[PDB]
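Peer 1: Handing you this structure, nothing more for now.
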Amino acid sequence: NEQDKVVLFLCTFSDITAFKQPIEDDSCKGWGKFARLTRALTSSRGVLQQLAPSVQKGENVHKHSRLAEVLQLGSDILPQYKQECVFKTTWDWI
Amino acid sequence: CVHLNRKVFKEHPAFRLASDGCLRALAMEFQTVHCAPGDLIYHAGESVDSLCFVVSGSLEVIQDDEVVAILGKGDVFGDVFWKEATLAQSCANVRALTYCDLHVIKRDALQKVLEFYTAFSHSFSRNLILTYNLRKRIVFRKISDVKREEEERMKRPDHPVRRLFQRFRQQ
Amino acid sequence: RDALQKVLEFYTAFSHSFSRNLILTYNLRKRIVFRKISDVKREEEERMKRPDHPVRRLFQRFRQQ
Amino acid sequence: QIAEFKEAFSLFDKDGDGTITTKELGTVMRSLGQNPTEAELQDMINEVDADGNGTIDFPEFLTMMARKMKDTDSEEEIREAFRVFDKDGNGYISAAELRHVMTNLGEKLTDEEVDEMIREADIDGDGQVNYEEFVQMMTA
Amino acid sequence: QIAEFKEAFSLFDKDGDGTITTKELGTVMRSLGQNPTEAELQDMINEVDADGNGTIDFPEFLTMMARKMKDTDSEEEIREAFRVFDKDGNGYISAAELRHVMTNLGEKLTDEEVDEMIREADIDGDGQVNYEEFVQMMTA
């Protein structure tokens with residue numbers, strides 16, 4: 001805060017289903033659960049891991065880049081919930 | 001007025017099932033508030049008589065000096081009138097954070113329109129989800145209070161008063 | 001209608017002759033039932049085209065209506 | 001909703017032919033952080049595709065998507081009623097549609113009853129009934 | 001009210017030491033128009049003082065003032081309830097104060113009942129209860 005008090009919490013999210021592992025309690029098929037995992041992690045893979053479908057090792061590059069985007073977002077967690085000329089008059093007079 | 005309240009009618013799912021006559025007879029009742037930042041609409045204890053749609057800006061909802069709800073673009077607060085038919089007090093302050101554009105409607109004109117447009121009012125009740133009831137006081141405790149309770153381990157006649165608590169049991 | 005009803009409540013002997021003489025050119029309450037000629041053209045087209053129990057009971061509710 | 005999946009299918013195909021090859025599947029699977037067996041990828045392609053030529057169109061995916069729907073019973077029954085009442089399949093129920101299903105189902109009503117059901121079900125005043133106006137009468 | 005006496009105690013002490021001597025008492029008694037016996041003044045000092053050194057502090061007067069209170073029974077009972085409910089002694093009853101006296105007295109209520117009593121007793125909306133809001137519930 002401006003009073004430096006811990007007044008709020010920010011919890012940001014994404015979908016790491018396809019990145020780690022598919023685990024289903026039940027599904028129609030392996031491809032069906034895989035398709036649901038790809039459709040769920042759409043804005044994760046799509047607008048962040050753009051050129052990453054061409055490359056391999058997405059856990060080493062693109063997932064780390066999305067975590068770094070969250071790190072830059074934590075750098076942008078600075079607004080802190082707070083409210084955020086006579087020389088021109090004298091200059092125009094003279 | 002319909003063009004002025006297009007910012008409600010094109011956005012909310014509560015209004016996309018309305019007749020165009022209902023659209024005009026609603027839009028003729030919608031005031032428009034330009035809330036300055038830091039200025040509060042409903043003080044805690046004031047009468048809630050007008051559900052508000054937020055078409056622009058950001059709002060905070062303060063109950064007991066604590067932010068309970070942040071209201072963004074496209075949120076509805078106030079109180080459901082047509083279910084309750086009861087005037088209530090605002091259990092929370094509602095302050096604005098930014099230059100806020102609200103489209104409010106008092107409960108009397110709303111009830112007039114909803115009594116006239118009977119087939120619309122059911123879909124209105126089914127579709128309109130209040131982002132914050134300003135009647136229903138929400139029960140919560142502060143973390144300073146449970147810190148005091150954890151401090152109270154160091155600390156560790158009622159009969160005229162506990163019967164009053166039994167009156168609370170009678171309450 | 002409010003000022004009209006005020007006057008007609010006051011002028012009682014006039015209001016009967018008013019009711020007898022005033023013929024509405026169009027009732028804006030009474031919805032008039034009609035069909036379009038495009039619709040019966042579609043019905044004549046429907047000769048080429050030529051489960052209900054949860055819904056037809058609703059139609060029986062229409063019978064109850 | 002149903003058609004809104006296929007943008008990620010644009011992320012599925014790397015060639016851009018409307019036909020998902022096994023190499024694009026292996027590339028996106030290695031991009032997923034996993035090293036799968038390409039024989040199991042051929043098994044998944046042969047189980048997924050209806051063409052059966054190592055590549056599948058999105059209509060071949062549509063049956064698997066409908067199998068993976070698994071929605072509620074009530075919305076499925078009302079969607080069945082909406083599909084069998086909209087003979088045109090345009091998402092709208094005409095008065096001729098109501099008359100033809102009144103004749104085909106067996107419950108014969110007068111034409112004023114057809115227009116009465118149309119005027120009572122409709123709220124917005126368009127002469128036709130949407131799915132929300134449909135479930136407004138499917139509720140009671 | 002209780003602390004509002006001591007300004008006249010500023011008229012009591014002539015030295016200005018926080019300790020009423022016998023000579024200041026004799027001076028103000030001769031100023032009262034009476035010629036008392038200084039032995040009886042020493043008797044009054046020894047009966048009044050708790051220090052017992054020919055001079056008394058205002059805390060030594062406070063017990064005699066509390067004896068000379070003699071207020072009503074009802075306000076004394078409600079003041080006893082207010083003193084035992086305000087464990088902080090700040091003239092205000094927190095919700096933690098109500099919860100701790102609910103646990104210590106024995107009458108255990110849910111936390112929503114604590115906040116219900118807080119919200120029903122309070123009128124001005126401060127989250128705490130004053131003595132007038134206290135006697136508002138002590139009346140019924």
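For the structure tokens, the naming scheme is as follows: chains receive sequential letters (A, B, ...) according to their order of presentation, residues are indexed from 1 within each chain, and ligands are indexed from 1 in presentation order.
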Wanna dump the chain A-chain D contacts at 8 Å for me, each residue with its shortest atom pair and the distance in Å to one decimal, counting only C-alpha atoms, ordered by chain and number, as CSV?
Peer 2:
residue,atom,partner,partner_atom,distance
A:18,CA,D:32,CA,5.9
A:19,CA,D:32,CA,4.7
A:20,CA,D:33,CA,6.9
A:27,CA,D:68,CA,7.7
A:28,CA,D:68,CA,6.3
A:30,CA,D:44,CA,7.5
A:31,CA,D:44,CA,6.0
A:32,CA,D:68,CA,6.5
A:38,CA,D:8,CA,7.5
A:39,CA,D:8,CA,6.4
A:42,CA,D:8,CA,6.3
A:46,CA,D:11,CA,7.1
A:52,CA,D:31,CA,6.4
A:53,CA,D:28,CA,5.1
A:54,CA,D:27,CA,6.4
A:55,CA,D:31,CA,6.3
A:56,CA,D:31,CA,4.6
A:57,CA,D:31,CA,5.4
A:58,CA,D:31,CA,4.4
A:59,CA,D:33,CA,5.1
A:60,CA,D:33,CA,7.9
Peer 1: For chain D, which residues have at least one atom within 7 Å of chain C, if we go by only C-alpha atoms? Write them as a PyMOL selection string, please.
Peer 2: chain D and resi 96+105+107+112
Peer 1: How would the residues just picked look written out with N, CA and C atoms as a PDB file, in the first residue's frame?
Peer 2:
ATOM      1  N   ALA D  96     -44.622 -22.065 -39.484  1.00  0.00           N
ATOM      2  CA  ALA D  96     -44.782 -23.225 -40.352  1.00  0.00           C
ATOM      3  C   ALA D  96     -44.072 -24.441 -39.784  1.00  0.00           C
ATOM      4  N   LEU D 105     -46.360 -34.800 -35.612  1.00  0.00           N
ATOM      5  CA  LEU D 105     -46.380 -35.436 -34.301  1.00  0.00           C
ATOM      6  C   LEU D 105     -47.744 -36.041 -34.005  1.00  0.00           C
ATOM      7  N   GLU D 107     -50.495 -34.059 -32.696  1.00  0.00           N
ATOM      8  CA  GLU D 107     -51.268 -33.087 -31.929  1.00  0.00           C
ATOM      9  C   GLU D 107     -51.697 -31.962 -32.859  1.00  0.00           C
ATOM     10  N   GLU D 112     -54.909 -20.428 -35.122  1.00  0.00           N
ATOM     11  CA  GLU D 112     -54.837 -19.435 -34.062  1.00  0.00           C
ATOM     12  C   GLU D 112     -54.102 -19.973 -32.846  1.00  0.00           C
TER      13      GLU D 112
END
Peer 1: For the alpha helix (DSSP H) assignment from backbone DSSP, which residues of range 28-68 of chain D qualify? Please present them as a list in words.
Peer 2: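 Matching residues, listed in order: residues 28, 29, 30, 31, 38, 39, 40, 41, 42, 43, 44, 45, 46, 47, 48, 58, 59, 60, 61, 62, 63, 64, 65, 66 and 67 of chain D.
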Peer 1: Write the residues of the selection above to a file with N, CA, C and O atoms, as a compact mmCIF listing (two decimals), in the first residue's frame.
Peer 2:
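Below is the file again.txt, written as the result:
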# COMPACT_ATOMS: atom_id res chain seq x y z
N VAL D 28 4.59 -31.01 -31.99
CA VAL D 28 3.86 -30.38 -30.90
C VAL D 28 3.92 -31.21 -29.63
O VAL D 28 3.80 -30.66 -28.53
N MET D 29 4.14 -32.53 -29.73
CA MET D 29 4.27 -33.33 -28.52
C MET D 29 5.63 -33.12 -27.87
O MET D 29 5.74 -33.09 -26.64
N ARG D 30 6.69 -32.98 -28.68
CA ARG D 30 7.99 -32.60 -28.14
C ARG D 30 7.98 -31.17 -27.63
O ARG D 30 8.72 -30.84 -26.69
N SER D 31 7.15 -30.31 -28.22
CA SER D 31 6.94 -28.97 -27.68
C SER D 31 6.14 -29.00 -26.39
O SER D 31 6.24 -28.06 -25.60
N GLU D 38 6.18 -42.75 -31.31
CA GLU D 38 5.52 -42.44 -32.58
C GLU D 38 4.60 -43.56 -33.05
O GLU D 38 3.68 -43.29 -33.82
N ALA D 39 4.83 -44.79 -32.60
CA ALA D 39 3.88 -45.87 -32.86
C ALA D 39 2.57 -45.62 -32.12
O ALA D 39 1.49 -45.87 -32.67
N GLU D 40 2.65 -45.13 -30.88
CA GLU D 40 1.44 -44.73 -30.17
C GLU D 40 0.78 -43.51 -30.81
O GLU D 40 -0.44 -43.37 -30.75
N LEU D 41 1.58 -42.64 -31.44
CA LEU D 41 1.01 -41.54 -32.21
C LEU D 41 0.27 -42.05 -33.44
O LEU D 41 -0.79 -41.52 -33.80
N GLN D 42 0.81 -43.08 -34.10
CA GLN D 42 0.10 -43.70 -35.22
C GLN D 42 -1.16 -44.41 -34.75
O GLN D 42 -2.18 -44.42 -35.47
N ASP D 43 -1.13 -44.98 -33.55
CA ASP D 43 -2.32 -45.57 -32.95
C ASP D 43 -3.38 -44.51 -32.66
O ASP D 43 -4.57 -44.73 -32.92
N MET D 44 -2.96 -43.35 -32.15
CA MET D 44 -3.89 -42.27 -31.86
C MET D 44 -4.46 -41.67 -33.14
O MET D 44 -5.62 -41.26 -33.18
N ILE D 45 -3.65 -41.60 -34.21
CA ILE D 45 -4.14 -41.12 -35.49
C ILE D 45 -5.15 -42.10 -36.08
O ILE D 45 -6.23 -41.69 -36.54
N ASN D 46 -4.85 -43.40 -36.04
CA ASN D 46 -5.77 -44.40 -36.59
C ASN D 46 -7.05 -44.52 -35.77
O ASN D 46 -8.10 -44.86 -36.33
N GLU D 47 -6.98 -44.27 -34.47
CA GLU D 47 -8.20 -44.24 -33.67
C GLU D 47 -8.97 -42.94 -33.85
O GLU D 47 -10.20 -42.93 -33.70
N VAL D 48 -8.29 -41.85 -34.17
CA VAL D 48 -8.95 -40.56 -34.27
C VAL D 48 -9.51 -40.34 -35.67
O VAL D 48 -10.63 -39.82 -35.83
N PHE D 58 -11.02 -32.01 -39.87
CA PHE D 58 -11.84 -31.60 -38.73
C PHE D 58 -13.24 -32.23 -38.69
O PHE D 58 -13.72 -32.47 -37.57
N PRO D 59 -13.95 -32.50 -39.81
CA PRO D 59 -15.15 -33.35 -39.70
C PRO D 59 -14.88 -34.74 -39.16
O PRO D 59 -15.76 -35.31 -38.50
N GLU D 60 -13.69 -35.31 -39.40
CA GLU D 60 -13.35 -36.57 -38.76
C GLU D 60 -13.12 -36.39 -37.27
O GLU D 60 -13.30 -37.33 -36.49
N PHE D 61 -12.72 -35.18 -36.85
CA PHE D 61 -12.60 -34.89 -35.43
C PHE D 61 -13.96 -34.64 -34.79
O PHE D 61 -14.11 -34.85 -33.58
N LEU D 62 -14.95 -34.21 -35.58
CA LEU D 62 -16.23 -33.76 -35.04
C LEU D 62 -16.99 -34.88 -34.33
O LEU D 62 -17.70 -34.62 -33.35
N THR D 63 -16.82 -36.12 -34.78
CA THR D 63 -17.46 -37.25 -34.10
C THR D 63 -16.82 -37.51 -32.74
O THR D 63 -17.51 -37.79 -31.76
N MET D 64 -15.49 -37.41 -32.67
CA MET D 64 -14.80 -37.53 -31.39
C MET D 64 -15.14 -36.38 -30.45
O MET D 64 -15.24 -36.58 -29.24
N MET D 65 -15.35 -35.19 -31.01
CA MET D 65 -15.75 -34.04 -30.19
C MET D 65 -17.17 -34.21 -29.65
O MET D 65 -17.44 -33.88 -28.49
N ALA D 66 -18.07 -34.74 -30.48
CA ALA D 66 -19.43 -35.01 -30.02
C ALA D 66 -19.45 -36.14 -28.99
O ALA D 66 -20.30 -36.13 -28.09
N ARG D 67 -18.55 -37.11 -29.12
CA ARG D 67 -18.41 -38.13 -28.08
C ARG D 67 -17.84 -37.52 -26.80
O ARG D 67 -18.23 -37.91 -25.69
Peer 1: When you look at range 4-7 of chain A with a cut-off of 10 Å (counting only C-alpha atoms), what residues show up, excluding the ones that are within fewer than 4 positions of it in the same chain? I need them as a PyMOL selection string.
Peer 2: (chain A and resi 80-81) or (chain B and resi 66-67)
Peer 1: Keeping N, CA, C and O atoms, export the residues of the selection given above as a compact mmCIF listing (two decimals), in the first residue's frame.
Peer 2:
# COMPACT_ATOMS: atom_id res chain seq x y z
N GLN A 80 -0.09 -1.16 -6.20
CA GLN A 80 -0.18 -1.14 -4.73
C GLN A 80 -1.48 -0.55 -4.19
O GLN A 80 -1.52 -0.15 -3.02
N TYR A 81 -2.52 -0.44 -5.02
CA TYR A 81 -3.87 -0.01 -4.62
C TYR A 81 -3.88 1.38 -3.99
O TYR A 81 -4.29 1.57 -2.84
N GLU B 66 -12.96 -2.46 4.90
CA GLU B 66 -12.27 -3.52 4.18
C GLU B 66 -12.90 -3.70 2.81
O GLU B 66 -14.12 -3.74 2.69
N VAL B 67 -12.05 -3.80 1.79
CA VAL B 67 -12.52 -3.97 0.43
C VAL B 67 -13.08 -5.37 0.27
O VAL B 67 -12.37 -6.37 0.46
Peer 1: I need the chain B residues near chain E as a PyMOL selection string; criterion: at most 9 Å, counting only C-alpha atoms.
Peer 2: chain B and resi 44-45+64+139-141+145-146+148-149+152+157-158+161-162+164-166+168
Peer 1: By how many Å are CA of residue 103 in chain B and CA of residue 131 in chain D apart?
Peer 2: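 Going from CA of residue 103 in chain B over to CA of residue 131 in chain D, I get 28.5 Å.
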